[PDB]
Every structure is written in structure tokens, then in C-alpha cells.
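Reviewing the structure listed below.
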Amino acid sequence: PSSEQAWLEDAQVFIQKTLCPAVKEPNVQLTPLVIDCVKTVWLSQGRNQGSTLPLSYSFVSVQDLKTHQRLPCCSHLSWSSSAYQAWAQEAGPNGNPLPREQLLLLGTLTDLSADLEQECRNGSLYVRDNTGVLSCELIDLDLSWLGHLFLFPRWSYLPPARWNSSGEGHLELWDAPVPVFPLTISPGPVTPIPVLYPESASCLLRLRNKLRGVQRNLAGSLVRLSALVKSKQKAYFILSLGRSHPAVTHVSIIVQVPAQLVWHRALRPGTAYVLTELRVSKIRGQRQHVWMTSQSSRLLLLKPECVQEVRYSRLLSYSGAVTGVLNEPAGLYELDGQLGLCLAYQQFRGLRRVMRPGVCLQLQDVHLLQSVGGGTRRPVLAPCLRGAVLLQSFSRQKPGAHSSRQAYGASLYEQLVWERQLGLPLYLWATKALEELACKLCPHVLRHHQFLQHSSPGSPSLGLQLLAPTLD
Amino acid sequence: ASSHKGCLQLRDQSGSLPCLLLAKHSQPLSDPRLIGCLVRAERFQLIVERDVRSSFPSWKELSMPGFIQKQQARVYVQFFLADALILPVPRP
């Protein structure tokens, strides 16, 4: 069939155009390597319909995907009718699974934001090629994977819903990214690296006069991870290292390096790691001292081969899945249809894009509240800045469509959370009253976005003004 | 303010409700700049008037159920304007 040869030639031209690097001369051997990798991935599953090549798949660039695709879509390699139906049944028969596509993508996994490389060092995962850069989210990652070409066998693209949203879109990857070509893997540190266990680190911290500019190495088991606090120009998150069983004593470490902010997506609880070249830092207003990550510091794991020596809330950790959505802008969600979850007191600006019904979440250091009152009865879990939310599995159901009309009111809710510093029951009652007022007045008297507008100077929101007499 | 009967009303998307507004301490509502504004009241009175056309024979049959023919109601709201809050509507 000449169609196969024509498609192969089109793939060759696509590689020549939008995949050949502009720094080095294009080595002609890249196309046979890409074709061989594609064929190997195609044949590994052993479910090919008698053709050594996937005739149904066509290459599409990142810019082409952005400019052409207008609906959510998930494309996977070697997904016949049986596999797609199994995936849909796994997604839940009640929900409608995302439509299937047959396309090919190639890009580089980079933490760099855009041409303004250091101006937006937020630690996000970005897929960049010649056409442009598009965001991605991974469950787990390895530091060696960045800066190299990777072939994507499974992905899901979600475009923005409402026309008033400036977000271009995002991508979600399910399986591990297959390397297109053998990456030059550098050997690790051959010489043994002695470290300090959490007991020794705590003993050193007990010696306040013996921490004057000493660059040492510390290691231990990851106990607690903090949220990614965002400031005007500085982002820092704190990881706790301490020996578990009993996990009584732990040593705090603050990560502030911009290029190493991607470690927020890498570290996982329970596993013990090794941190090298850590100095002493002083925090204003805190008597204790917390170790500082240095510029020439590397993230390592604990490898025994070379590492020689009025009511209250009950804190706990929970794991579950998201089933229902109560109030998207206010960060109110239902867990397993039995428990409520409130993300208001964290900074979940980047959680709305990915997390949706059909997603399993692993929470750490959350607070359980009961008998809240004020119109609500179910208990609500409200994580604070101490803990963090770890995504486990992506969702497969399509996002809702009604949210494109009556959902965007986010700025007022976050302003209520942070500026006025309201309590949780007051926040819930405020959300309920705002919904009632919106139903009563909007849309003839006032448009939905006008009523819940940001309370900037010179144009205060009517909802906040109406709620002020009770809130004060 | 209705343009067919000249009676003040409070209206939302749900419906309408006749109202009687007064200024502070026994003074009539005089300013006509309140047309189209938003009125919020925390202390107000709900008044219902009942009209019945009964045909009861005597005191013995007061509790019998077949001696009432016509029933009607009339609901409106009275409240002072000093205890309320007026907010302009930001037209685009």
C-alpha cells in the first residue's frame, strides 16, 4: 500500500521541519531512529492489526494541536476498540469518557517556562518543541529526564472552557515517557558519601554555637512536605527529614533554589533520600535554625551501597477519590460522595486545571472538622499550609459545560480567604449566601461576572457590600 | 415605580411586593432619586389583611366548615428608611 509510504514520507518531512534542532546540523539518522522507536512501541503490546506500522496515527505539532483542537481529547498508542472500551468502563459507565484520537507528539520535558526562561521559574512541568511550549503534569519524574526528547504514548489535552479564561490549555500524561534515543546517562558518585542521620542532625541543631558556616550532608526519611508557598518573587517549600518508626524527631530543610523547585514534583513521602552540601540559615522571628539548600547541591536517594554512617480538629492523613463538585471557584469538593473537601486555605491556583471528578488524591496532614453548623452537616477536610495535596491518578470523564456560564467568581473567594481572614464556617455561609443572591438577582439585574467581580479600588463588588453588615 | 398605577414596589426576578416607605421619624418619602436603586432592610414589617364574606347563622355554628364563601388576602411591607441601606446599581 503506497499510503504507508506516503505517510512515512510525511513523517520524515515533519521531522525535518519541526523536529530538527536548529543548533546542530540535522543528523539524517534521526528519522530512522524515530521510526524504529515508534515501531518498537507499536509492536511491544502485541496487538497490531497485521500492520507493522500504525497507519491510523498521524503526526501533529504542538502549535497545530493548539490552533486546531477545540474539544477535550485523549490520544493513546495501540488502543483498539477493546482497550478503549475497557478504559471507558474503568472511567465509570455513568460518566462519558473523553473522545479517542490517533495522533503523535514529540517534545522535550523541561521546567523552563518560555523564552523568558528565568522570569517565570515557578517549577511547572513544560513540554517544549520548535512550535511552542505546552504544560504537562506527571505523577512521578526523574531529574535525568529533563532536557531530552521523549516519545509520548499516552496523553490527554484539555482546552479552556470559558472565553474569559486566559489559560491556553494543558496536557496530562498517564504512562512513563518513552525515550526516543538512548540518553547519555552519566555515572553517579563512585566514592562513598557518608551522611548524617536525623538523630545526629538534631544533636547538631542542639549545639547552637557549632553551626557557623559549616557545609555538611544530611539524610533521612521524608516525613512531611509543605505546600508551594508563592510570594511576589520568591517561592520556597519545606521538606521534613526524620527517621520513621518512630517518626518522632525530624529535621526541617527549606528549598529555595529556583532551578531546583521542580523537586516539589519529585519527592514522595516515606522514601529516604540523601541531601548534600547543606548550610545553616537563619529565619527572622524564629529562634531555631533551618538548613539551607546550596546552589551546588544535588538530590540523592538513600543507597546503602555507598551511604555509610470551641472545639478542635484531629489531624490525620486520608486517601480517596473525587466524585462530586459543589463549588468550583471556592474550592469545595465532595470525597467519595460522603465527605466534603475544602481547598480554600491553600493556594490551589494550579489545581483547578487538572483535578476534576474521577481523580484520586493522597492528602497529608489534613484537619477533620465536625458539627460545623450554619446550614452544612457533613464533615469537611480542610488542609492547611503545613500539608500538601498529592495527585495520584488523572480523570477520564469530560469536564462539565455549565461551568462555562456560572462558575468564574474566583477572585472574590480568595480575597475573602486571604484579605479578611475569615473562618471556615463563615466562609461556607458566605458562599451559600452568595449563591442565593446570585440566584435572586442575576442575570437580568446584573451579569454573573459583574456581581462577583474582584473588589479592586474604584469598583467594589456588590456581593461583598451586601455581605458586609453580617460579616463585620 | 409603576407607570400604570403610581404605586411603589420592590421587585426582583422572582416577583413583586407592594411597599410603603417612610423617612425618619414621621416624614414622607420625598426624594425621587431612589428610583432604580437597591434597598436592603433588616427590620421590616409584613402586613396581611383578611377579607371574609361569612354567613354564620349564630354562635353555635362558629366552628362549622361550610359557612365561608369568599376569602382574600393582601400583603405589603412597611419599614423606615433610616434602618435600611441604599446601594446604587452600577449600570454598564
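Please note that chains go A, B, ... in the order of the C-alpha cells, that every chain numbers its residues from 1, and that ligands are numbered from 1 in the order shown.
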Write out as a PDB file with N, CA, C and O atoms, in the first residue's frame which residues come within 12 Å of residue 65 of chain B when counting only C-alpha atoms, dropping same-chain ones fewer than 5 positions away.
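Below is the file that was written, around-v7.pdb:
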ATOM      1  N   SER B  54     -68.765  35.908  55.286  1.00  0.00           N
ATOM      2  CA  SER B  54     -69.334  34.794  56.030  1.00  0.00           C
ATOM      3  C   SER B  54     -70.856  34.875  56.062  1.00  0.00           C
ATOM      4  O   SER B  54     -71.456  35.925  55.818  1.00  0.00           O
ATOM      5  N   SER B  55     -71.476  33.737  56.369  1.00  0.00           N
ATOM      6  CA  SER B  55     -72.924  33.631  56.510  1.00  0.00           C
ATOM      7  C   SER B  55     -73.277  32.780  57.723  1.00  0.00           C
ATOM      8  O   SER B  55     -74.162  31.919  57.663  1.00  0.00           O
ATOM      9  N   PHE B  56     -72.587  33.005  58.835  1.00  0.00           N
ATOM     10  CA  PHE B  56     -72.796  32.189  60.026  1.00  0.00           C
ATOM     11  C   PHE B  56     -74.188  32.430  60.600  1.00  0.00           C
ATOM     12  O   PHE B  56     -74.605  33.585  60.738  1.00  0.00           O
TER      13      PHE B  56
END
Return as JSON, numbers by chain the residues belonging to chain A that are within 8 Å of chain B, counting only C-alpha atoms.
-> {"A": [440, 441, 442, 444, 445]}
Atoms kept (C-alpha atoms) for selection, written as a compact mmCIF listing (two decimals), in the first residue's frame:
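Contents of again_4.txt, freshly written:
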# COMPACT_ATOMS: atom_id res chain seq x y z
CA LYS A 440 -32.16 36.10 43.29
CA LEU A 441 -30.72 39.00 41.26
CA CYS A 442 -28.73 37.72 38.28
CA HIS A 444 -31.33 40.39 34.32
CA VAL A 445 -30.49 42.87 37.08
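Looking only at segment 102-306 of chain A, the set that DSSP places in helix (DSSP H, G or I) from backbone geometry is residues 143, 144, 145, 198, 199, 200, 201, 202, 203, 204, 205, 206, 259, 260, 261, 262, 263, 264 and 265 of chain A.
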If you run DSSP on this backbone, which residues of segment 3-86 of chain B come out as strand (DSSP E), and could you give them as a ChimeraX atom specification?
-> /B:9-11,16-23,27-28,38-41,45-54,68-80,84-86
Exercise: residue 139 of chain A partners within 8 Å, only C-alpha atoms, chain neighbours under 4 positions left out, as a PyMOL selection string | chain A and resi 174+265+391-393
If you count only C-alpha atoms, which residues fall within 12 Å of residue 31 of chain B, apart from same-chain ones fewer than 5 positions away, as a PyMOL selection string?
-> chain B and resi 21-23+81
Among A:97, A:469, A:123, A:379, residue 257 of chain A is approached most closely, using only C-alpha atoms, by A:123
Selection near residue 321 of chain A, 7 Å with only C-alpha atoms, sequence-local residues under 4 positions removed, as an MDAnalysis selection string = chainID A and resid 335:336 358:361
What's the 7 Å shell around segment 49-53 of chain B, counting only C-alpha atoms, without same-chain residues fewer than 3 positions away, as JSON, numbers by chain?
-> {"B": [68, 69, 70, 71, 72, 73, 74, 75]}
Residue subset to file, keeping C-alpha atoms, as a PDB file, in the first residue's frame:
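Okay, this is what ended up in part19.pdb:
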ATOM      1  CA  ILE B  68     -67.344  30.607  54.488  1.00  0.00           C
ATOM      2  CA  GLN B  69     -67.687  31.564  50.821  1.00  0.00           C
ATOM      3  CA  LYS B  70     -65.090  34.159  49.760  1.00  0.00           C
ATOM      4  CA  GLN B  71     -61.548  34.639  51.057  1.00  0.00           C
ATOM      5  CA  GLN B  72     -58.846  37.096  50.018  1.00  0.00           C
ATOM      6  CA  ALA B  73     -55.505  38.434  51.212  1.00  0.00           C
ATOM      7  CA  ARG B  74     -53.330  41.490  50.638  1.00  0.00           C
ATOM      8  CA  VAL B  75     -49.637  41.548  51.560  1.00  0.00           C
TER       9      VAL B  75
END
